[PDB]
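Below sits a lone chain in structure tokens, taken as the form deposited without the partner chain.
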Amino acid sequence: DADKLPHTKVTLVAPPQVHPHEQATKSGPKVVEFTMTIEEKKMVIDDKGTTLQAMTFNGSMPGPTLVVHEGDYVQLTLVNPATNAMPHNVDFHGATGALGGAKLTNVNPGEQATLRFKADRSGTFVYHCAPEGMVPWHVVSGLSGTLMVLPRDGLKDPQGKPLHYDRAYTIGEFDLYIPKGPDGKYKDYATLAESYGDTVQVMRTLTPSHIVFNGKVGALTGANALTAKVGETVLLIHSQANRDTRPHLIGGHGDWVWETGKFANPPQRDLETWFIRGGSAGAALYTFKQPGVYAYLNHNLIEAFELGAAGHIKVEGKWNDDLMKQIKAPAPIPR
């Protein structure tokens, strides 16, 4: 009986960070309380000033990552403030019944609701808005995130050996369908509702105009690059709520990867490129061995470099000549 379990509130943090949590824990099942607030906003998505009429959990794309342990209950209050124009709900892929909770969380602007569900399966799971009659529009406008359900004893390799990360990062990849006018330029809409019909038309062609990590071209670059050091293990959580992606770390690997995202299954090792099915989240472990600026990207290189599905990881530390060495620098072809 979940009603008689300990109840704890967790404060969420903005992507690419994940809120503080234990991996292995000695503690028993708890009801973990989260709150999220829908924010509809116009967002600049590229270095030309192209805007999206966006819909977000907590003002960000992706929504924040919620972390519990297997056997815990997730208890979410979803707030849809009167400042919004559309109704919303939430469908958790980690939950069982009522369309993921969508049937029980239909909130019109000015309303809120509270859902509890048992997180009885370990893994990274997508959550997204799913209002009947307009599911794809709400999802592609930015309403998705990840729930991570860790095993109580933490992550394990195929032989049951413990795997540990020093930092988790969360990347949400968003296929965007921005309409154009007769002049060939991207439309700019005064309101969210004005964007609807044209956006649906672009959606039906199945060709995204942009594909971005975390809400914009270059979101995870420059001052906002991910960071690490040699010897550090990172967990990279990657969600795509609508479309397939194929993550790749340039100069690195996926040491252990759950590409389907489910921790009771044995991970795969040494992956160059992995595969996140549209409507899922996956996770990769990597321990950095070389310093430098890595690219983390969708390995359809057109989608990465032309459409925006790429970020950076800046890594400090000592170069290893055993792993890689320049034997002869670029120089004239000998006579």
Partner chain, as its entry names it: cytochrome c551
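Residue numbers count along the first chain shown, from 1.
Below: the form deposited with the partner chain bound, not depicted.
Visitor: Is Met86 one of the residues lying within 4.5 Å of the partner chain in the deposited complex, judged by heavy atom distances?
Guide: Heavy-atom contact with the partner chain at 4.5 Å: present for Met86.
Visitor: Applying a 4.5 Å heavy atom distance criterion, does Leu163 contact the partner chain in the deposited complex?
Guide: So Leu163 does not count as contacting the partner chain.
Visitor: Can you work out whether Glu194 and the partner chain are in contact in the deposited complex, taking contact to mean some heavy atom pair no more than 4.5 Å apart?
Guide: Contact with the partner chain, yes.
Visitor: Is there a non-hydrogen atom of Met134 within 4.5 angstroms of a non-hydrogen atom of the partner chain in the deposited complex?
Guide: So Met134 counts as contacting the partner chain.
Visitor: For the stretch 1-20, I need every residue with any heavy atom inside 4.5 Å of the partner chain in the deposited complex, listed N to C.
Guide: The stretch does not touch the partner at all.
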